[PDB]
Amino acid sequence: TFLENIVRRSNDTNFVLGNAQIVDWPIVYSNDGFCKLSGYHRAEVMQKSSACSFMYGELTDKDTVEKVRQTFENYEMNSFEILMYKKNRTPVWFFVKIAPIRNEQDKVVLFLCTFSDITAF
């Protein structure tokens, strides 16, 4: 439904889909682009929080972490830049957009989270 509809189209973007109704908003889908960008296999990304706490590390700004979390808690669309760690442990500045997605009954069923390395173009 709303999940299938979103998967198209990749648009050359890197994204995950988090379940909006479940605590920590677990990822139920990540595309090749996200897996390439993050360095993680699709199987290990599955059920991680779509706020991407699994990629936080020493240099990640904890104030930004809290604002990202608040975006999910309030079902808001916001964008952030956040320093996170690829699987190979290299710290990368990511531009991250979070968009709550609503079904026909206007209930938030998922979060569409899109990612890019800021030094890419």
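Numbers follow the displayed sequence, beginning with 1.
Undergrad: Check the entry's C-alpha temperature factors for 33-41 and 71-79, then say which stretch has the higher mean.
TA: Averaged over C-alpha atoms, the B-factors run higher in 71-79.
Undergrad: Once the chain's modelled residues are ordered by C-alpha B factor and cut into thirds, is residue 113 in the lowest, middle or highest one?
TA: Middle third, going by the recorded CA B-factors of the chain.
Undergrad: When the deposited Cα B-factors of this chain's modelled residues are ordered and cut into thirds, is residue 22 in the lowest, the middle or the highest one?
TA: Tercile = middle for this residue's CA B-factor.
Undergrad: Is residue 88 in the lowest, middle or highest third of its chain when residues are ranked by C-alpha B-factor?
TA: Highest third, going by the recorded CA B-factors of the chain.
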